[PDB]
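Before any questions on binding or motion, here is one chain by itself as structure tokens, the form whose entry title says "closed conformation".
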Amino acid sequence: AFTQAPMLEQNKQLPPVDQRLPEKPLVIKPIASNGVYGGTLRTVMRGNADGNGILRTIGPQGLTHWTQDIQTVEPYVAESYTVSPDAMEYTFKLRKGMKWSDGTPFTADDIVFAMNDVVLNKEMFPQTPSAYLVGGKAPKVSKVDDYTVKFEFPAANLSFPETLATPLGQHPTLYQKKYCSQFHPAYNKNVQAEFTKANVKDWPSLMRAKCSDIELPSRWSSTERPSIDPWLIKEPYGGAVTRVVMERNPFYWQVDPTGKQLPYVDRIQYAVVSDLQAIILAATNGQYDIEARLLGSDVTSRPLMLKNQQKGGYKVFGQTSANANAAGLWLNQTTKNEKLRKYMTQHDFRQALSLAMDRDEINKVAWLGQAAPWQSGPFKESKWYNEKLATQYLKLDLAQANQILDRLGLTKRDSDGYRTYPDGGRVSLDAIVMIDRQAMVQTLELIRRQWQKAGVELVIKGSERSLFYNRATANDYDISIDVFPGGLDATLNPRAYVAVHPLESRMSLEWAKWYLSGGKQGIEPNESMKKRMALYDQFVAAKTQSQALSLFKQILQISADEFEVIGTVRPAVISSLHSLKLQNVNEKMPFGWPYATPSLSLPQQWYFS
């Protein structure tokens, strides 16, 4: 019954299609219609550090997968799975006969190797990635037979199936044991010979170079790394390539309802382009069949995109960002500026800084009026909605800001009109920002002038993305501006409400380091933050959905009371485009990294009309 692409008819070494598919392949229901084979999907990456663009184009192929409405997940690579009544035990059934891109078997051996020999190997990952932890506690992972793998957590872990559908939860399917064991000392007695044959000097760097990790550029730099991906790297990503080309995986493990082995589209070609203006011009000319990653957050792109739809042969669809805030102020409560810290740690000082802001002016100038004032909370339709976390201190009230700052003792003025500390110099805050995010830079420039009227100085420190993260983890900043997640994905990314992300919980990464190390590194958080961390552990280890619900709402209320991070606007709509000839794009899908959009729309069932 099963049929294949005409392009694979010419490969005479390939087995017949029913032997390359699993016995029971996953049947993909198309978004709008049954498709036809053929064509090259044209799309775009910006620069040499945009490998996630490939991931978000072809899609993470994890054990589970989001529904189109992102409310729940379904078995994906797993045929099915069970969960014990206590929710500590997850048993995954794999698809018998499934194969890697090189024709060799996909079995529990691969999942057990990826878990035990890579993810949970402490030489490879000194800090075990959090996706596979419950409150810091690791699972025991074992093979029950060739097509059954068991995960045993020391505590209840209701979120694990949702984790397995995010990009960061795809390790279990990322490593073929046979190829990857060559580069692992527990398997290759002569792993030293491979170190020389590469530019490395230890087995963890060897693994990263040859087998890679979720977000490493090495994931897309070679054709020989096996995968279960719908398309395989053919012309690879590299430090200075002008293009990337990917070709259908002849051993892909999915069919459409009529029995066609997917994908429909034969090839994907990514143009690798440096300056954003060339991407805008190429997109508005209709040279890309899909662009749902790069322009949509740039609000000045939208009028251009809409105007050229007919000219360029494309349709713009607007996506709903999952982030609660498009450009939020993370205030560092462990700032190294001692004089500043005595005010940073005071609730009412943070309240003043929010009251001295004009979110209508920010929306007008930097977001072309397409956003709306908001702080850090989930949106109204979320069951997590908290009004205070969303809407406190949104209206400009400069007279109240100035009264508060006076009450705090910041009444002495310097020769330039700024407030000073009672003992010290000018009230001045350093804010780090990625210079490429022009809207965020412009937001800070507007905040600087707004806060100038309260006698507060904002110093803007733009930088490359690399130095921006080095300053953060070095604890060398007072404010860092970036998105607040949580509008739609609060329990997937609670980092704005509790300091649990080591790179992004920038109310203090030192507090985050304390959480992640069980108190042995970092700086001890304040009582309200420790309280939220203990409740967070209870939340992730909750035994029922109703216990989880109460515990996470407690965390959100304490976050609202503390008011540690200051939102500017919730995001404007995210403007994406697809070629009019490209069928089966879910134009209603939300936008977000936890869903790896646009690949949430199942690009293996896109086709050309």
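From 1 onward, residues are counted along the sequence shown.
Of the two segments examined, 161-169 and 456-464, it is 456-464 that shows the higher average Cα temperature factor in the deposited entry. For the two regions 32-40 and 52-60, the entry's Cα B-factors average higher over 32-40.
In the PDB entry, the Cα temperature factor peaks, among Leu120, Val244, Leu429, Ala240, at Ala240. Listed residues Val569, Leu26, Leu577, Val565 were ranked by CA B-factor as deposited; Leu577 comes out on top. When the CA B factors of the chain's modelled residues are split into thirds, the value for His501 lands in the lowest one. In this PDB entry, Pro15 carries a Cα temperature factor that places it within the highest third of its chain's modelled residues.
Among all modelled residues in its chain, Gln583 ranks in the middle third by Cα B-factor. When the CA B factors of the chain's modelled residues are split into thirds, the value for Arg495 lands in the lowest one.
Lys388: CA B factor lies in the middle third for its chain, per the PDB record.
Note that the form whose entry title says "open conformation" isn't included here; everything after this is about it.
A hinge is where C-alphas change from fitting one rigid part better to fitting the other better; between this form and the one not shown, that place among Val573, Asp102, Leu408, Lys530 is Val573.
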